[PDB]
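Okay, so here's just one chain, in structure tokens, the form solved without coenzyme A (COA).
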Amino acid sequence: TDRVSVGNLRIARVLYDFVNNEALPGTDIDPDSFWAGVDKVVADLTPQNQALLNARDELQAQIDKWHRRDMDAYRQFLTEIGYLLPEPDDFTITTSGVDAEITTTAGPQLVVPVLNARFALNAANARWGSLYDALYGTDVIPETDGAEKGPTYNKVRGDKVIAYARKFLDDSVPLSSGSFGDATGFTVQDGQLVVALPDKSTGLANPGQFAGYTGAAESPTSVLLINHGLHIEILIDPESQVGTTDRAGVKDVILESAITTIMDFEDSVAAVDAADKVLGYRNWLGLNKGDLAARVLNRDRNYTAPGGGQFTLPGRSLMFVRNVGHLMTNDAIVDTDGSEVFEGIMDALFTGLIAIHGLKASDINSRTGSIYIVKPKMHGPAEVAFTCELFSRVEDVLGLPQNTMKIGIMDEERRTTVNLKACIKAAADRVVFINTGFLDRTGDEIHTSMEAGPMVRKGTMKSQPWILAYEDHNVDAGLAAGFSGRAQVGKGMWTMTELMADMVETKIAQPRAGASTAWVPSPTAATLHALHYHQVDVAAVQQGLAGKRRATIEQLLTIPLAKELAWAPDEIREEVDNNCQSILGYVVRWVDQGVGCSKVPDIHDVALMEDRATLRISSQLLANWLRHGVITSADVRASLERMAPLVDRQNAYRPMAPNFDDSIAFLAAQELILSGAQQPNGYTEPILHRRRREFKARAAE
């Protein structure tokens, strides 16, 4: 074959070559020492990795049985089987060497598929974004009569955008008197910002909110402000299209938006072989070396301090990289017998190696010397400790200081939720955040209690007792662990990519809940969500929550079982079509085109961002309804065949209809539902990877 032998490993040549020719040069790490290290790490930790997976199956088998055969009894049971462990002693995390974007700044956290270079670059550059563009291009500014979007600039709509932003400025950086709506000009005098009004001139209520400016102080090209640690930059140009119409010549209002971004190797991308992993690793490498070009990465921004000195602000989002979890293997590397090597282990080694470049001036990501890795789908403290040991072994192989590789803990599996304190403690010196990945968490909620009975509709999950308890519990544990000022307390994604007016009105609940960050689907969403952090003083919210215990173990364990006679025929029908539509729209692009993240309109025609987690939920819900007689196999088939044609319509695309059984993608969709109950913890990768590889094979012959 086309593999390279290194000890007990046989590395796909493309991966081998990529590492030696692109990743290693510049790290001082000799190839022979690196590969020997890979071999050693895989050999040493694989047994423990498998053991952990066996533990998951064992626990789930006991739970399935318990249901097939009272909160006090259930809780007692979970304790006996080691599912629910004792609460560890109180403690404070000790993670050091973390950048300000994580320890101090509260703001949006963007996620992007790392296999898409364009997206990745746009996301990295999302650190700064036009509020005008975000307001004008979305429904935040309703397209009422006269204010709708046309092929050319609508002056009326533009005026609404201007007023919207002027109000934002008034609410964020208050003037001593008057409002920005009446400003006529901006000047810097005695290191002070002076806003000219018609009747008089005024300074800032809090002069300290003035952070800088560009151009001559006597007539700045831009004025930099700061609120709750986030920058706001007013651009000034009386000659610009918008400026010519503004009272103070204001051209735009730029907001520091995506403070941090997660370059994702997991749920938003489809990488089933060495070739796919390499495309991802190379983009990750380009990001860290700063030379990725599809467009390029922006340079840092230069300003003059109010006092006179020159300073620079990062023009890029501080990058995290989300490795895959402990489950999957990938043939990018196989042993002598041909057994695939655990993908998570490889990601730690490769993304870690690559991350070293982001620790040096491009020919910088982290100035404090840390590598930020999000580790998803972990189940319990032992799996967290396993990840920490993996990182410890990789640092050794890479010759990096111990604890360089920090971990962003996803709280997205039930066994981690109910043992969250312990999970944090296991990574007390490496954790940089905990985040409530509500989608995966909901998927795990359904699978864990699969045998308990029919679950409530998917949409109903967002407001169930278990998830609300889960959200507050995550915050409580993080704050109790001393996260405020040391690590991020984050919350989930807003998947309705086009409903920005709704996101702006409701996503404010997250920072209000003490979350120093939350996930956004795009640069536009990051800029709009940034608004929330200007309205909410997260640092103050967290201080006020410190010490509070708002969720009981009972609330966390409250299974989302549906009540008797809960739905009507039309309601069950809608739920099935909606879930099938979501599954088919996502899967067809996954299997046929290798796209792990797509915008798929639901039964209500609302554009929803689909990823493996949204898929895990839809497939698990239907698997659960089919499992308990709520719907028949005919209902599932009919929905799939009814929605399939619509998906073909919405879309190098290969139609699934009319001959659905000839479509590998259609078959995958059907398999995910019908075999959903048998998938490990309801994970979609096993099926998705197999079907995607099958497609590639067929396409090759």
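Numbers for residues come from their place in the sequence shown, where the first is 1.
Form deposited with coenzyme A (COA) bound: not shown, discussed below.
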At the 4.5 Å heavy atom threshold, is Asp592 in contact with coenzyme A (COA) in the bound PDB entry?
-> no
At the 4.5 Å heavy atom threshold, is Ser522 in contact with coenzyme A (COA) in the bound PDB entry?
-> yes
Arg295, heavy atom within 4.5 angstroms of coenzyme A (COA) in the bound PDB entry | yes
Is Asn578 close enough to touch coenzyme A (COA) in the bound PDB entry, meaning at least one heavy atom pair within 4.5 Å?
-> no
Only one of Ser201, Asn122, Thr558, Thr104 comes within 4.5 Å of coenzyme A (COA) in the bound PDB entry by heavy atoms, so just point that one out.
-> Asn122
Which of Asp99, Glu383, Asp444, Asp611 has a heavy atom within 4.5 Å of coenzyme A (COA) in the bound PDB entry?
-> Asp611
In the bound PDB entry, do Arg118, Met493 and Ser598 all reach within 4.5 Å of coenzyme A (COA) through at least one heavy atom apiece?
-> yes
Since the chain is shown here on its own, which stretch among 530-538, 108-116, 155-163, 325-333 would lie within 4.5 Å of coenzyme A (COA) in the bound PDB entry, judged by heavy atoms?
-> 108-116
